[PDB]
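Undergrad: My file is entry.pdb. It has PDB, C-alpha atoms:
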```
ATOM      1  CA  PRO A 148     172.576 159.047  54.821  1.00  0.00           C
ATOM      2  CA  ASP A 149     172.652 155.776  56.776  1.00  0.00           C
ATOM      3  CA  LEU A 150     169.015 156.019  57.854  1.00  0.00           C
ATOM      4  CA  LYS A 151     169.084 152.270  58.591  1.00  0.00           C
ATOM      5  CA  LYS A 152     171.395 152.570  61.606  1.00  0.00           C
ATOM      6  CA  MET A 153     169.618 155.753  62.707  1.00  0.00           C
ATOM      7  CA  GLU A 154     166.235 154.006  62.829  1.00  0.00           C
ATOM      8  CA  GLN A 155     167.642 150.893  64.517  1.00  0.00           C
ATOM      9  CA  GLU A 156     169.392 152.964  67.196  1.00  0.00           C
ATOM     10  CA  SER A 157     166.216 154.916  67.987  1.00  0.00           C
ATOM     11  CA  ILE A 158     164.144 151.720  68.133  1.00  0.00           C
ATOM     12  CA  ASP A 159     166.744 150.079  70.388  1.00  0.00           C
ATOM     13  CA  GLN A 160     166.550 152.900  72.933  1.00  0.00           C
ATOM     14  CA  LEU A 161     162.765 153.043  72.505  1.00  0.00           C
ATOM     15  CA  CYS A 162     162.311 149.453  73.703  1.00  0.00           C
ATOM     16  CA  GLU A 163     164.863 150.053  76.467  1.00  0.00           C
ATOM     17  CA  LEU A 164     162.553 152.709  77.916  1.00  0.00           C
ATOM     18  CA  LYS A 165     159.491 150.516  77.290  1.00  0.00           C
ATOM     19  CA  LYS A 166     161.109 147.404  78.851  1.00  0.00           C
ATOM     20  CA  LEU A 167     160.653 145.508  75.579  1.00  0.00           C
ATOM     21  CA  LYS A 168     162.899 143.121  73.662  1.00  0.00           C
ATOM     22  CA  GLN A 169     163.187 142.656  69.909  1.00  0.00           C
ATOM     23  CA  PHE A 170     162.843 139.380  68.007  1.00  0.00           C
ATOM     24  CA  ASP A 171     164.451 138.163  64.777  1.00  0.00           C
ATOM     25  CA  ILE A 172     161.485 137.698  62.453  1.00  0.00           C
ATOM     26  CA  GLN A 173     162.838 136.860  59.005  1.00  0.00           C
ATOM     27  CA  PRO A 174     162.258 139.928  56.759  1.00  0.00           C
ATOM     28  CA  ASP A 175     160.393 138.193  53.951  1.00  0.00           C
ATOM     29  CA  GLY A 176     156.802 138.747  52.812  1.00  0.00           C
ATOM     30  CA  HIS A 177     155.375 137.069  55.933  1.00  0.00           C
ATOM     31  CA  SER A 178     156.969 139.270  58.610  1.00  0.00           C
ATOM     32  CA  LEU A 179     153.698 140.813  59.809  1.00  0.00           C
ATOM     33  CA  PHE A 180     151.840 137.501  60.090  1.00  0.00           C
ATOM     34  CA  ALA A 181     154.837 135.766  61.681  1.00  0.00           C
ATOM     35  CA  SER A 182     155.224 138.564  64.232  1.00  0.00           C
ATOM     36  CA  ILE A 183     151.507 138.423  65.066  1.00  0.00           C
ATOM     37  CA  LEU A 184     151.729 134.630  65.318  1.00  0.00           C
ATOM     38  CA  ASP A 185     154.676 134.929  67.713  1.00  0.00           C
ATOM     39  CA  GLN A 186     152.854 137.532  69.816  1.00  0.00           C
ATOM     40  CA  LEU A 187     149.766 135.301  69.946  1.00  0.00           C
ATOM     41  CA  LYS A 188     151.738 132.272  71.143  1.00  0.00           C
ATOM     42  CA  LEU A 189     153.513 134.455  73.726  1.00  0.00           C
ATOM     43  CA  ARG A 190     150.789 136.611  75.305  1.00  0.00           C
ATOM     44  CA  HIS A 191     147.538 134.720  74.612  1.00  0.00           C
ATOM     45  CA  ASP A 192     146.063 131.841  76.593  1.00  0.00           C
ATOM     46  CA  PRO A 193     147.369 128.608  74.999  1.00  0.00           C
ATOM     47  CA  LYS A 194     144.207 126.714  75.987  1.00  0.00           C
ATOM     48  CA  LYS A 195     142.086 129.086  73.856  1.00  0.00           C
ATOM     49  CA  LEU A 196     144.350 129.235  70.782  1.00  0.00           C
ATOM     50  CA  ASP A 197     144.554 127.119  67.639  1.00  0.00           C
ATOM     51  CA  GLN A 198     147.863 125.333  68.183  1.00  0.00           C
ATOM     52  CA  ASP A 199     148.225 124.540  64.469  1.00  0.00           C
ATOM     53  CA  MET A 200     147.910 128.254  63.623  1.00  0.00           C
ATOM     54  CA  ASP A 201     150.469 129.293  61.011  1.00  0.00           C
ATOM     55  CA  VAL A 202     151.153 132.191  58.643  1.00  0.00           C
ATOM     56  CA  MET A 203     148.986 131.240  55.660  1.00  0.00           C
ATOM     57  CA  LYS A 204     145.981 130.540  57.902  1.00  0.00           C
ATOM     58  CA  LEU A 205     146.351 133.995  59.424  1.00  0.00           C
ATOM     59  CA  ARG A 206     146.535 135.067  55.786  1.00  0.00           C
ATOM     60  CA  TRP A 207     143.205 133.303  55.314  1.00  0.00           C
ATOM     61  CA  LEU A 208     141.610 134.822  58.433  1.00  0.00           C
ATOM     62  CA  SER A 209     142.508 138.417  57.561  1.00  0.00           C
ATOM     63  CA  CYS A 210     141.302 138.013  53.975  1.00  0.00           C
ATOM     64  CA  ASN A 211     137.946 136.579  55.073  1.00  0.00           C
ATOM     65  CA  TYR A 212     137.350 139.254  57.723  1.00  0.00           C
ATOM     66  CA  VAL A 213     137.878 141.868  55.010  1.00  0.00           C
ATOM     67  CA  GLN A 214     135.476 139.989  52.722  1.00  0.00           C
ATOM     68  CA  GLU A 215     132.679 139.909  55.327  1.00  0.00           C
ATOM     69  CA  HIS A 216     133.348 143.436  56.672  1.00  0.00           C
ATOM     70  CA  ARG A 217     134.175 145.087  53.346  1.00  0.00           C
ATOM     71  CA  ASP A 218     132.726 148.497  54.231  1.00  0.00           C
ATOM     72  CA  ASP A 219     135.100 148.748  57.205  1.00  0.00           C
ATOM     73  CA  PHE A 220     138.101 148.346  54.860  1.00  0.00           C
ATOM     74  CA  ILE A 221     137.037 150.330  51.767  1.00  0.00           C
ATOM     75  CA  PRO A 222     138.545 153.667  52.968  1.00  0.00           C
ATOM     76  CA  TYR A 223     141.961 151.994  53.302  1.00  0.00           C
ATOM     77  CA  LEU A 224     142.138 151.503  49.503  1.00  0.00           C
ATOM     78  CA  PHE A 225     141.584 154.959  47.984  1.00  0.00           C
ATOM     79  CA  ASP A 226     143.886 157.933  47.399  1.00  0.00           C
ATOM     80  CA  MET A 230     144.618 158.376  42.131  1.00  0.00           C
ATOM     81  CA  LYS A 231     141.949 155.653  41.946  1.00  0.00           C
ATOM     82  CA  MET A 232     140.671 152.909  44.250  1.00  0.00           C
ATOM     83  CA  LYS A 233     142.104 149.413  44.494  1.00  0.00           C
ATOM     84  CA  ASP A 234     139.528 146.667  43.999  1.00  0.00           C
ATOM     85  CA  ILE A 235     138.632 145.347  47.463  1.00  0.00           C
ATOM     86  CA  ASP A 236     138.149 141.824  46.107  1.00  0.00           C
ATOM     87  CA  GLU A 237     141.315 141.642  43.999  1.00  0.00           C
ATOM     88  CA  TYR A 238     143.245 142.924  47.025  1.00  0.00           C
ATOM     89  CA  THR A 239     142.039 139.951  49.082  1.00  0.00           C
ATOM     90  CA  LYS A 240     142.805 137.309  46.445  1.00  0.00           C
ATOM     91  CA  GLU A 241     146.372 138.574  45.972  1.00  0.00           C
ATOM     92  CA  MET A 242     147.073 138.845  49.709  1.00  0.00           C
ATOM     93  CA  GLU A 243     145.725 135.360  50.468  1.00  0.00           C
ATOM     94  CA  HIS A 244     147.489 133.288  47.788  1.00  0.00           C
ATOM     95  CA  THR A 245     150.823 135.125  47.424  1.00  0.00           C
ATOM     96  CA  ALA A 246     153.638 136.235  49.738  1.00  0.00           C
ATOM     97  CA  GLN A 247     153.005 139.964  49.443  1.00  0.00           C
ATOM     98  CA  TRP A 248     153.781 142.280  52.347  1.00  0.00           C
ATOM     99  CA  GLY A 249     150.919 142.849  54.765  1.00  0.00           C
ATOM    100  CA  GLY A 250     149.987 146.258  56.100  1.00  0.00           C
ATOM    101  CA  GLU A 251     147.453 148.235  58.119  1.00  0.00           C
ATOM    102  CA  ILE A 252     144.500 146.293  56.683  1.00  0.00           C
ATOM    103  CA  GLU A 253     145.814 142.958  57.965  1.00  0.00           C
ATOM    104  CA  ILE A 254     146.594 144.470  61.378  1.00  0.00           C
ATOM    105  CA  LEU A 255     143.091 145.829  62.000  1.00  0.00           C
ATOM    106  CA  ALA A 256     141.459 142.706  60.558  1.00  0.00           C
ATOM    107  CA  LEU A 257     143.474 140.302  62.716  1.00  0.00           C
ATOM    108  CA  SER A 258     143.058 142.573  65.747  1.00  0.00           C
ATOM    109  CA  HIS A 259     139.298 142.043  65.472  1.00  0.00           C
ATOM    110  CA  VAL A 260     139.690 138.368  64.524  1.00  0.00           C
ATOM    111  CA  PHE A 261     141.374 137.661  67.869  1.00  0.00           C
ATOM    112  CA  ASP A 262     139.653 140.543  69.720  1.00  0.00           C
ATOM    113  CA  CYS A 263     142.949 142.090  70.774  1.00  0.00           C
ATOM    114  CA  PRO A 264     144.831 145.372  70.595  1.00  0.00           C
ATOM    115  CA  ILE A 265     147.801 145.357  68.233  1.00  0.00           C
ATOM    116  CA  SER A 266     150.422 148.032  68.914  1.00  0.00           C
ATOM    117  CA  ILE A 267     152.919 149.083  66.235  1.00  0.00           C
ATOM    118  CA  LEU A 268     156.134 150.660  67.530  1.00  0.00           C
ATOM    119  CA  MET A 269     157.898 153.012  65.110  1.00  0.00           C
ATOM    120  CA  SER A 270     160.784 155.457  65.258  1.00  0.00           C
ATOM    121  CA  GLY A 271     159.672 159.052  64.799  1.00  0.00           C
ATOM    122  CA  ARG A 272     156.017 158.295  65.571  1.00  0.00           C
ATOM    123  CA  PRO A 273     153.884 157.690  68.666  1.00  0.00           C
ATOM    124  CA  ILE A 274     152.618 154.187  69.328  1.00  0.00           C
ATOM    125  CA  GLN A 275     149.732 153.135  67.084  1.00  0.00           C
ATOM    126  CA  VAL A 276     147.137 150.892  68.740  1.00  0.00           C
ATOM    127  CA  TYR A 277     144.735 148.999  66.482  1.00  0.00           C
ATOM    128  CA  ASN A 278     141.509 147.772  68.098  1.00  0.00           C
ATOM    129  CA  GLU A 279     142.281 149.762  71.248  1.00  0.00           C
ATOM    130  CA  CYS A 280     139.547 147.717  72.874  1.00  0.00           C
ATOM    131  CA  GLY A 281     140.045 143.975  72.384  1.00  0.00           C
ATOM    132  CA  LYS A 282     139.505 142.097  75.629  1.00  0.00           C
ATOM    133  CA  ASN A 283     142.373 139.707  74.835  1.00  0.00           C
ATOM    134  CA  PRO A 284     145.993 140.630  75.657  1.00  0.00           C
ATOM    135  CA  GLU A 285     147.595 143.235  73.419  1.00  0.00           C
ATOM    136  CA  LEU A 286     150.058 142.149  70.738  1.00  0.00           C
ATOM    137  CA  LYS A 287     153.201 144.287  70.505  1.00  0.00           C
ATOM    138  CA  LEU A 288     154.960 144.677  67.149  1.00  0.00           C
ATOM    139  CA  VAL A 289     157.720 146.917  65.795  1.00  0.00           C
ATOM    140  CA  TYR A 290     157.912 148.321  62.260  1.00  0.00           C
ATOM    141  CA  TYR A 291     161.091 149.171  60.334  1.00  0.00           C
ATOM    142  CA  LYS A 292     160.851 151.577  57.402  1.00  0.00           C
ATOM    143  CA  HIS A 293     164.529 151.668  56.388  1.00  0.00           C
ATOM    144  CA  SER A 294     165.630 148.105  57.224  1.00  0.00           C
ATOM    145  CA  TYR A 295     165.124 146.726  53.714  1.00  0.00           C
ATOM    146  CA  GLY A 298     159.385 147.032  51.967  1.00  0.00           C
ATOM    147  CA  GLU A 299     157.274 146.719  55.112  1.00  0.00           C
ATOM    148  CA  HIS A 300     159.273 144.691  57.646  1.00  0.00           C
ATOM    149  CA  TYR A 301     157.722 143.809  61.012  1.00  0.00           C
ATOM    150  CA  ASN A 302     159.134 142.150  64.118  1.00  0.00           C
ATOM    151  CA  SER A 303     157.949 140.821  67.472  1.00  0.00           C
ATOM    152  CA  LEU A 304     158.466 142.492  70.858  1.00  0.00           C
ATOM    153  CA  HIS A 305     159.006 140.373  73.972  1.00  0.00           C
ATOM    154  CA  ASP A 306     159.022 141.615  77.557  1.00  0.00           C
ATOM    155  CA  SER A 307     162.171 142.905  79.278  1.00  0.00           C
TER     156      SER A 307
END
```
If you convert what's in this file into structure tokens, what do you get?
TA:
Amino acid sequence: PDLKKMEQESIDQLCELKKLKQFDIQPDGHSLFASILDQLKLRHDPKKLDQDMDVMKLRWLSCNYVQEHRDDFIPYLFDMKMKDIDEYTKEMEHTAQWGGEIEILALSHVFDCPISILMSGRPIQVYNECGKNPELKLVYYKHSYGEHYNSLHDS
């Protein structure tokens, strides 16, 4: 029922009201990490950031934060049966599989920042509503095709 254009049109007007601007993050399996990387290089202090930070290293940081804070990520893997917390980290770190809510909350605590996800038909979600570092602003598309993320610049 052309839900792709319907979601894009609502997101377009949503950022117009929020004074935000969309990016063109390539919609492959690294969209979430690339959008977070772009938001880090845009809103974070460059003197306090790893300049050589790339996608697969953010893939390594999220997977290690889950491995050392496993109890904080167990509830995000049940409901059927439960996905093995360890096997989930080895497949997310070495492949190009789509990242989700687990990688957002993990990286939000890794960099001590809020990470906002803008969606159409939903209020803004803010992960780590409390990080002292500047908030990263992302946008999620459900119908633009599975989990595609993009970066949000100012104005």
Undergrad: Near stretch 170-185 of chain A, within 7 Å and counting all atoms listed in the file, which residues show up once chain neighbours fewer than 3 positions away are dropped, as an mmCIF file with C-alpha atoms, in the frame of the given file?
TA:
```
data_model
loop_
_atom_site.group_PDB
_atom_site.id
_atom_site.type_symbol
_atom_site.label_atom_id
_atom_site.label_comp_id
_atom_site.auth_asym_id
_atom_site.auth_seq_id
_atom_site.Cartn_x
_atom_site.Cartn_y
_atom_site.Cartn_z
ATOM 1 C CA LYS A 188 151.738 132.272 71.143
ATOM 2 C CA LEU A 189 153.513 134.455 73.726
ATOM 3 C CA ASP A 201 150.469 129.293 61.011
ATOM 4 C CA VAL A 202 151.153 132.191 58.643
ATOM 5 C CA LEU A 205 146.351 133.995 59.424
ATOM 6 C CA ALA A 246 153.638 136.235 49.738
ATOM 7 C CA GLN A 247 153.005 139.964 49.443
ATOM 8 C CA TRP A 248 153.781 142.280 52.347
ATOM 9 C CA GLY A 249 150.919 142.849 54.765
ATOM 10 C CA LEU A 286 150.058 142.149 70.738
ATOM 11 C CA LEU A 288 154.960 144.677 67.149
ATOM 12 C CA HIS A 300 159.273 144.691 57.646
ATOM 13 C CA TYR A 301 157.722 143.809 61.012
ATOM 14 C CA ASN A 302 159.134 142.150 64.118
ATOM 15 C CA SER A 303 157.949 140.821 67.472
ATOM 16 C CA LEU A 304 158.466 142.492 70.858
#
```
Undergrad: Taking 4 positions as the minimum chain separation for residues in the same chain, which residues sit within 12 Å of residue A:216 when counting all atoms listed in the file? Answer as a PDB file with C-alpha atoms, keeping the file's coordinate frame.
TA:
```
ATOM      1  CA  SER A 209     142.508 138.417  57.561  1.00  0.00           C
ATOM      2  CA  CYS A 210     141.302 138.013  53.975  1.00  0.00           C
ATOM      3  CA  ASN A 211     137.946 136.579  55.073  1.00  0.00           C
ATOM      4  CA  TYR A 212     137.350 139.254  57.723  1.00  0.00           C
ATOM      5  CA  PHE A 220     138.101 148.346  54.860  1.00  0.00           C
ATOM      6  CA  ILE A 221     137.037 150.330  51.767  1.00  0.00           C
ATOM      7  CA  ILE A 235     138.632 145.347  47.463  1.00  0.00           C
ATOM      8  CA  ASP A 236     138.149 141.824  46.107  1.00  0.00           C
ATOM      9  CA  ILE A 252     144.500 146.293  56.683  1.00  0.00           C
ATOM     10  CA  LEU A 255     143.091 145.829  62.000  1.00  0.00           C
ATOM     11  CA  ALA A 256     141.459 142.706  60.558  1.00  0.00           C
ATOM     12  CA  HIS A 259     139.298 142.043  65.472  1.00  0.00           C
ATOM     13  CA  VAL A 260     139.690 138.368  64.524  1.00  0.00           C
TER      14      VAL A 260
END
```
Undergrad: With the PyMOL selection byres ((chain A and resi 269-282) around 7) as the selection, what would be picked from this file? Answer as a list in words, please.
TA: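 Residues picked by the PyMOL selection byres ((chain A and resi 269-282) around 7): residues 154, 157, 158, 255, 258, 259, 262, 263, 264, 265, 266, 267, 268, 283, 284, 289, 290 and 291 of chain A.
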Undergrad: May I ask which of the residues A:192, A:155, A:298, A:206 is the closest one to residue A:244, counting only C-alpha atoms?
TA: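 Between A:192, A:155, A:298, A:206, the residue approaching residue A:244 most closely is A:206.
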Undergrad: Quick check, in Å to one decimal: how far apart do atom CA of residue A:207 and atom CA of residue A:237 lie?
TA: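 Calculated distance between atom CA of residue A:207 and atom CA of residue A:237 is 14.2 Å.
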Undergrad: Please compute the atom CA of residue A:149-atom CA of residue A:305 distance, one decimal, in Å.
TA: 26.8 Å
Undergrad: With 5 Å on each side, where is the centre of the axis-aligned box around all listed atoms of stretch 207-214 of chain A, and how long are its edges in Å to one decimal, as JSON?
TA:
```
{"center_x": 139.3, "center_y": 137.6, "center_z": 55.6, "size_x": 17.7, "size_y": 18.6, "size_z": 15.7}
```
Undergrad: As an exercise, work out the distance from atom CA of residue A:245 to atom CA of residue A:208 in Å and give it to one decimal place.
TA: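 Atom CA of residue A:208 lies at a distance of 14.4 Å from atom CA of residue A:245.
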Undergrad: Which residue is closest to residue A:203? Choose from A:226, A:243, A:234, A:218 and count all atoms listed in the file.
TA: A:243
Undergrad: Calculated over all atoms listed in the file, which of the candidates A:194, A:204, A:152, A:287 has the smallest distance to residue A:242?
TA: A:204
